[PDB]
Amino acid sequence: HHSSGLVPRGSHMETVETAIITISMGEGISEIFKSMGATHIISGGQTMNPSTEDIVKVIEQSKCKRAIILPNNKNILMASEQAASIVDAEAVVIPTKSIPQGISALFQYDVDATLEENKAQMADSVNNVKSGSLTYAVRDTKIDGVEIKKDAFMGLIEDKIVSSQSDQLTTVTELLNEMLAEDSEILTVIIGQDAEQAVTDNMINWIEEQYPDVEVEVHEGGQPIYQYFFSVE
């Protein structure tokens, strides 16, 4: 859903030496991505995905010498790779396949690090960090062939539905029961606008009991739609 007239392509065009280009799915993630180091946000989930030439134009207009591209959607990986090949800039693609995966990869971005150091750390995150999210059904919906009734909570791992229940705590603890293992070391939790403090507190207490060795790192995100983003190292 967008407003009538010309739909913005993405964020304000800044001039930068190293462009950190992230695709949003049009659900209110831009603040978070900019906070984490993104320089250019491209709006995704329009009818047409961002094209090869859409990404080339962001890279060229930014006047960057180097770029890191996070498609955050498996459908946008080809356009990103094609763009990276075309441009004069030294451009690399971190092959993130979801918004939570993009968040996890941006934890590893360091503005002081070299392009190659950032590439290696962010690419490792896609392979070795488990990303997921908690949301809810604003209307009856189908994910992965599973029918979810309006108002149900939904636990997702890498955007696949794994749990759903009318009860939020039950949904999120089942989600985390699969995301966490006895050898997990760090769980990052990013709290959305609609999260309930009593759920968050009960969830943390559950983690501490069931997975007593995991470090729980909580941050405020303020995102709509997703009560939590989770990342397990």
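Residue indices: 1-based, along the sequence shown.
Peer 1: Which is higher on average in the deposited entry, the C-alpha temperature factors of 14-22 or of 207-215?
Peer 2: Per the PDB entry, the higher value belongs to 14-22.
Peer 1: Per the record, averaged over C-alpha atoms, which has the higher B-factor: 162-170 or 39-47?
Peer 2: Between 162-170 and 39-47, it is 39-47 that shows the higher mean C-alpha B-factor.
Peer 1: Between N127, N118, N75, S80, which one tops the list for C-alpha B-factor in the PDB entry?
Peer 2: The record points to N127.
Peer 1: Between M154, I94, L106, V138, where does the Cα B-factor run highest in the record?
Peer 2: Highest C-alpha B-factor among the listed options: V138.
Peer 1: Taking the values exactly as deposited, rank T114 by C-alpha B-factor within its chain and report the matching third: lowest, middle or highest.
Peer 2: Tercile = middle for this residue's CA B-factor.
Peer 1: Place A123 in the lowest, middle or highest third of its chain's C-alpha B-factors, as listed in the PDB entry.
Peer 2: For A123, the deposited C-alpha B-factor lands in the middle third.
Peer 1: Could you say whether, by C-alpha temperature factor, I59 belongs to the lowest, middle or highest third of its chain?
Peer 2: As the PDB entry reports it, the C-alpha B-factor of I59 lands in the middle third of its chain.
Peer 1: Using the B-factor values recorded in the entry, state whether the Cα atom of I190 falls in the lowest, middle or highest third among the modelled residues of its chain.
Peer 2: Answer is lowest: the recorded C-alpha B-factor places it there.
Peer 1: Split the chain's modelled residues into thirds by Cα B-factor; is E27 in the lowest, middle or highest one?
Peer 2: Answer is highest: the recorded C-alpha B-factor places it there.
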